[PDB]
């Protein structure tokens, strides 16, 4: 395999062994001032997501052209409020909301985004950006617009003095620092069968599988309750200490912990365990991300919840995650999705998670370091 674009980028080559730690190329001290040229009839446009009309344009572009499963049956349906939460964390910059519009009709046909993040990678803590929501309109595919978007966001991030990024993709590029598998836990088995998300278990029937995937009516961990403002410091402390055991992690400020974990309905849910002494010992969190059910006339929305960051110091992780499934069922989700990073593998069997198709690859840009097992990835991206 030959990568026309990625062979020119500061990333390790696919089959290369990596025994060192450090950047691929030195920091630049002079940056290209002019935006990269787009094909004729297209123009750059930084999207003001505070303008609800422009936010709806981005919602529409992603709702119609963003990530689909392998079988092309489901597509992510990021709500506009979710996109606001994901794209305006502390330190966001308007130029890093990088759209492409056709000049004649002003139609949004491309996008890519960067948000700042302090990243712990092995023994180094570096200021980086997280790249997400790279999208090219279906009617512009395979014309190498995606390399222009990547080079442009690189340029605009370089202008701010940042020379490394982290990103995830379902495809293999040079070169994954980690590779993870998807796991799903059924909550509404019938809907998952009728929409062909899962198939009837072999040597089983419909209402056999239902009471097999049944769970309690309310969680079992004593002291569980939704996160409040008074919990921001301890949630920050619990997260920082928990994440030290992994090799690729975010390093969040207390302001970033508030942004990413303070509950917002139909966006992010965080529950803390406050024990008999009044101490917050653990917390669980998951975010709301439905998928559009394509070419299906009856059921059109698949309501999914995604495991976010789950920290345990006193409640066993099995108890914590069981309660997360229970809370997700109570809130009307159809499935609970996660990736096998951190300690997520440890409760797959007992909590009856099923393995999904594909792989999630983790990448660093302009950083060369030995790869790591999925259990050492401690970074969850949206």
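Numbering follows the first chain given and starts at 1.
As recorded in the PDB entry, 308-316 is the stretch of 228-236 and 308-316 with the greater mean C-alpha temperature factor. Look at the mean CA B-factor for 138-146 and for 161-169 in the entry; the higher one is 138-146. Across the residues 267, 114, 109, 193, the deposited record lists the maximum Cα B factor for 193. In this entry, the residue among 45, 68, 48, 34 with the greatest C-alpha B factor is 68. When the CA B factors of the chain's modelled residues are split into thirds, the value for residue 298 lands in the highest one.
Compared with the other modelled residues of the chain, the Cα B-factor recorded for residue 202 ranks in the highest third. Annotation for residue 91: CA B-factor lies in the lowest third of the chain's modelled residues. For residue 276, the recorded CA B-factor ranks within the middle third of the chain. Only modelled residues enter the ranking.
Among the modelled residues of its chain, residue 186 has a C-alpha B-factor that falls in the middle third according to the deposited record.
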